[PDB]
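**Q**
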Amino acid sequence: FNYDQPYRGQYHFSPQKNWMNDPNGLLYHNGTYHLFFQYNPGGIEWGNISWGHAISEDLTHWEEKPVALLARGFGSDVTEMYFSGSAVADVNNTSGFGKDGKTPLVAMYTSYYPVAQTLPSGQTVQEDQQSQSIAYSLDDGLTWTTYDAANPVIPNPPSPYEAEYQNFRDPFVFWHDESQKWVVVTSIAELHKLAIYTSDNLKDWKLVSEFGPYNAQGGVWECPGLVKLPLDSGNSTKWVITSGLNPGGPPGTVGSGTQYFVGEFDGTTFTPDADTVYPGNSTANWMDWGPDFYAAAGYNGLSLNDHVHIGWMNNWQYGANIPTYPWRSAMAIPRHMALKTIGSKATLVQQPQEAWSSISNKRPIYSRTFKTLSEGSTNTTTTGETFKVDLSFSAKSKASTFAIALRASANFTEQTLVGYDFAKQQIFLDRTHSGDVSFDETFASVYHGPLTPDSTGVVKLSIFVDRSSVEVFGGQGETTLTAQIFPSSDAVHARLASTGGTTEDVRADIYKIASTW
Ligand SMILES: *[C@@H]1O[C@H](CO)[C@@H](O[C@@H]2O[C@H](CO)[C@@H](O[C@@H]3O[C@H](CO[C@H]4O[C@H](CO)[C@@H](O)[C@H](O[C@H]5O[C@H](CO)[C@@H](O)[C@H](O)[C@@H]5O)[C@@H]4O)[C@@H](O)[C@H](O)[C@@H]3O)[C@H](O)[C@H]2NC(C)=O)[C@H](O)[C@H]1NC(C)=O
Ligand SMILES: *[C@@H]1O[C@H](CO)[C@@H](O[C@@H]2O[C@H](CO)[C@@H](O)[C@H](O)[C@H]2NC(C)=O)[C@H](O)[C@H]1NC(C)=O
Ligand SMILES: *[C@@H]1O[C@H](CO)[C@@H](O)[C@H](O)[C@H]1NC(C)=O
Ligand SMILES: *[C@@H]1O[C@H](CO)[C@@H](O)[C@H](O)[C@H]1NC(C)=O
Ligand SMILES: *[C@@H]1O[C@H](CO)[C@@H](O)[C@H](O)[C@H]1NC(C)=O
């Protein structure tokens, strides 16, 4: 397939054609990273929701595969859609789906039923019901069989939330080694609370606890996850819940976004640390301070120091309207997950997880150092559309702001600015003049996230630009900002900008990135 379209991320996953949303079924198994995703096999907007499927060996070079779970009744009246969920390798055959020595992969997902019906299990479902169901694969995730005999395995929200039958979704299931049980986290979306169940067999589930609401509550809760992450460089660990909400994303944004909670998990209950939850319903721990990072899900099948989340690089506010063709939506750079103690508190730090040496050389295409970068702009350099920029500079700078102008037209009237506000100690990403901003009133905006300098007073930014995206990793990765952009074909220039004064101890390096397709 030819992936050379305007706006087509060359190192971000997108389907060849049609609509994609949430990542699903993230599983590393037998040297393969599976990427399933909410997918419309019949169109460029949301609908006919199925699990699409791609694979890679390195989170970088994706190969799209046949649809894994195809909306039941696709091509006519749809009777069941395959909403979001997760996947595991049932290596001990606890589910009994194994056959001829081959052990099964098992997906757990929300069945969405557009019509009232009686299912092959004998269960009866209401119009627009959401329930949790399972499927299995005996060919390493290539084809799938739905558990028609018993689905759904969790028909109803727990008492007293039976009225929430239409909003009960996004099961994240995993093996909990310590309690020797399967654990699943689901979202009672409208009530901003998660319900946790355990099982010995992936089929029979027992309600064990509920979590929330805490912190951000300005939208429905979706895509819960729970994982144990290393803290700093010793032996200590913490458990982390990631969950999205739509709308009510990070400050300065309108629409969806991803928050997190740091705490402990005993196999049944997640206890948030006292300092991870804040009075009220607004203040939160943001996984990403930008507008385009949602439905972030974690990989099953990875060890303590190797955890990876994948997020959807779009926003529900305007996601239907981005000017992409023949596909719509991409996933963000996969995110390595860990904790570091920053300012006396356990803080999520992400690292851009792709096989960068396979597509990007360590010889920079552009390299400069300035003991004192003059006020104003440097001369133009050409970057093309796909590149990484590393910047470092002194927090002691005299300037108001230091920034790079990215994906800019020759005269820089079109450009995306990524920079640092010295007084406020904030990264900013200004996409107000980034290109096509015509499709939503809230798109042409400036975004901000907190970033303190390191111990030596050095501020570091690592910036990834692809055909329709900028991702900023600040510091050690404690602050990320993810934003789509839609620049014109000539928008391949860059320069540095020191506003209000000079910038001290500047290092800028730009590295070309090649296509993964
Ligand atoms: C969910 O997916 C379905 C696909 O299964 C999407 O529906 C399709 O939408 C596209 C537009 O993107 C339509 O494409 C048009 O097709 C025109 C010709 O249509 C006739 O010929 C088709 C091939 O034989 C045939 O399938 C189609 O039948 C459909 O419409 C009939 C009404 O006339 C109806 O009686 C049938 O039941 C059936 O629904 C027609 O006879 C062509 O002239 C256009 O150029 C254009 O390509 C498809 O026809 C749609 N396919 C179907 C099966 O309906 C749907 O949009 C998706 N939903 C969402 C929300 O995205
Ligand atoms: C599959 O079965 C194996 C063996 O019964 C389980 O591995 C055990 O895990 C416990 C706790 O982590 C260890 O103390 C044991 O040493 C392990 N057993 C052996 C012999 O290796 C495993 O937890 C089961 N589940 C999955 C999904 O792998
Ligand atoms: C958040 O709190 C405000 C009061 O500060 C209240 O008006 C609003 O209803 C709350 N939001 C939710 C979802 O409870
Ligand atoms: C930028 O560099 C070009 C090519 O080296 C040069 O012609 C120009 O004078 C430089 N500065 C200006 C004025 O933009
Ligand atoms: C900048 O260049 C573009 C053409 O690429 C043009 O449309 C625009 O008017 C120019 N802006 C100014 C103020 O020169």
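Note that the numbering used here has the sequence shown beginning at 2, numbered continuously upward. By construction, the Cβ of each residue, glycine as well, lies at the ideal position given by its N, Cα and C atoms.
1. How would the residue list near ligand 3 read, in chain order, if you kept each one whose beta-carbon is closer than 5 Å to any heavy atom?
2. Under 6 Å Cβ to Cβ from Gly501, same chain only, skipping five residues before and after it: list those, please.
3. Going by other Cβ atoms of all chains shown within 10 Å of its Cβ, with 16 needed for buried, is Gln181 buried or exposed?
4. Would you give the residue range spanned by the beta strand (DSSP E) that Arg496 belongs to?
5. Less than 7 Å separating the Cβ of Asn362 from some heavy atom of ligand 5?
6. So what's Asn216 in DSSP terms, helix, strand or just coil?
7. Using a threshold of 7 Å, is the CB atom of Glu81 nearer than that to any non-hydrogen atom of ligand 1?
8. Pick out whichever of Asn282, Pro280, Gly250 and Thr284 has its Cα sitting closest to the Cα of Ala296.
9. With C-beta atoms as the reference, is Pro335 less than 8 Å away from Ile311?
10. Tell me which residue opens and which closes the beta strand (DSSP E) that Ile135 is part of.
11. What residue from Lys194, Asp233 and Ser237 has the CA that sits closest to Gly226's CA?
12. In whole angstroms, what separates the C-alpha of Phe388 from that of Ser410?
13. Indicate, with yes or no, if ligand 2 has a heavy atom lying under 7 Å from the CB of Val390.
14. Does ligand 5 have a heavy atom nearer than 7 Å to the CB of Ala411?
15. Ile56 bridges to which residues according to DSSP?
16. With distance defined between alpha-carbon atoms, name the residue in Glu128, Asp149, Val126 and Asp441 nearest to residue 1.
17. Is the distance from the Cβ of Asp467 to the Cβ of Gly123 below 8 Å?
18. Looking at the unbroken beta strand (DSSP E) that takes in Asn25, where does it start and where does it end?
19. Between which residues of its own chain and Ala285 is the CB-CB distance below 6 Å, once the five residues before and five after are set aside?
20. Quick one: is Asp101 buried, meaning 16 or more other Cβ sit within 10 Å of its Cβ, or exposed?
21. Which residue spans inside the stretch 187–261 form an unbroken beta strand (DSSP E) run of at least 3?
22. Rounded to whole angstroms, what's the CA-CA distance from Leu452 to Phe98? Just pull it up for me.
23. Check this for me: beta carbons of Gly458 and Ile428, under 8 Å apart or not?
24. Determine the DSSP secondary structure at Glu81, reduced to helix, strand or coil.
25. Go ahead and pull the three-state DSSP assignment for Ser358.
26. How close, in whole Å, do the beta carbons of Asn316 and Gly256 come, if the pair is a contact with beta carbons under 8 Å?
27. Figure out for me which residue from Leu232, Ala298 and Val68 has the closest Cα to the Cα of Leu305.
28. Spatial neighbours of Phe266 within its chain, please: C-beta separation below 6 Å, excluding the five flanking residues on both sides.
29. So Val154 and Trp206 are supposed to be a Cβ contact under 8 Å. How far apart are they, rounded?
**A** Based on what the coordinates show:
1. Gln218 and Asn282
2. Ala400 and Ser401
3. exposed
4. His494 to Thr500
5. no
6. coil
7. no
8. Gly250
9. yes
10. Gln130 to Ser138
11. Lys194
12. 16 Å
13. no
14. yes
15. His35 and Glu64
16. This structure gives no information on residue 1, because the portion of the chain shown stretches from 2 to 518.
17. no
18. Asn19 to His30
19. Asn216, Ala217 and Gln260
20. exposed
21. 194–200, 207–212, 221–231 and 238–247
22. 49 Å
23. no
24. strand
25. helix
26. 4 Å
27. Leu232
28. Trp240
29. 6 Å
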